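Chemist: Count along the sequence shown from 1, then add 1127; that gives the number in the deposited numbering.
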Amino acid sequence: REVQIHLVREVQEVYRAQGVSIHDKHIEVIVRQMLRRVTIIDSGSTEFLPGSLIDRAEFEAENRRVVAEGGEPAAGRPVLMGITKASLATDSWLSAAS
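#1: Should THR1173 and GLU1189 be called a contact, given that it needs their Cβ atoms to be closer than 8 Å?
#2: State the DSSP-derived secondary structure class of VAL1165, mapped to helix, strand or coil.
#3: Give the straight-line distance between the Cα atoms of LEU1207 and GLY1197, rounded to the nearest whole angstrom.
#4: For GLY1203, which residues does DSSP report across the bridge?
#5: Once DSSP output is grouped into helix, strand and coil, what is the label at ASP1218?
Set out below in structure tokens:
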């Protein structure tokens, strides 16, 4: 939350200086998309390659399944991604093919 708030304020400062007013709602909509993924430090009982970006909700579901099975959770840390990398890793193949 702290880094998200910092990003919103920092973007807003440029437009405030220049003289264009943009409500922070719009900036927050994008910034939510920026911080929607985690990174894996160690695999363990999970089948996740180290250094692989992963969806947050899917990671939590996988951990919920692996602890129920009896496997230790993977080392998952939230990570910020640039817009380019964030957009490159979509889900549907028909969209990603373009």
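C-beta atoms are modelled at their ideal positions from N, C-alpha and C, and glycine is treated no differently.
Modeler: For this structure:
#1: Residue numbering aside, residue 1173 sits at position 46 when the sequence shown is read from its first letter. Residue numbering aside, residue 1189 sits at position 62 when the sequence shown is read from its first letter. Yes, they are a contact pair.
#2: The residue labelled residue 1165 in the question sits at position 38 within the sequence shown. Strand.
#3: Here residue 1207 refers to the residue found at position 80 when the sequence shown is read from its first residue. Here residue 1197 refers to the residue found at position 70 when the sequence shown is read from its first residue. Each residue's Cα considered, the two are about 30 Å apart.
#4: As a working note, residue 1203 is residue 76 in the sequence shown. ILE1167.
#5: Within the sequence shown, numbered from 1, the residue matching residue 1218 stands at position 91. Correct three-state label for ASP1218: coil.
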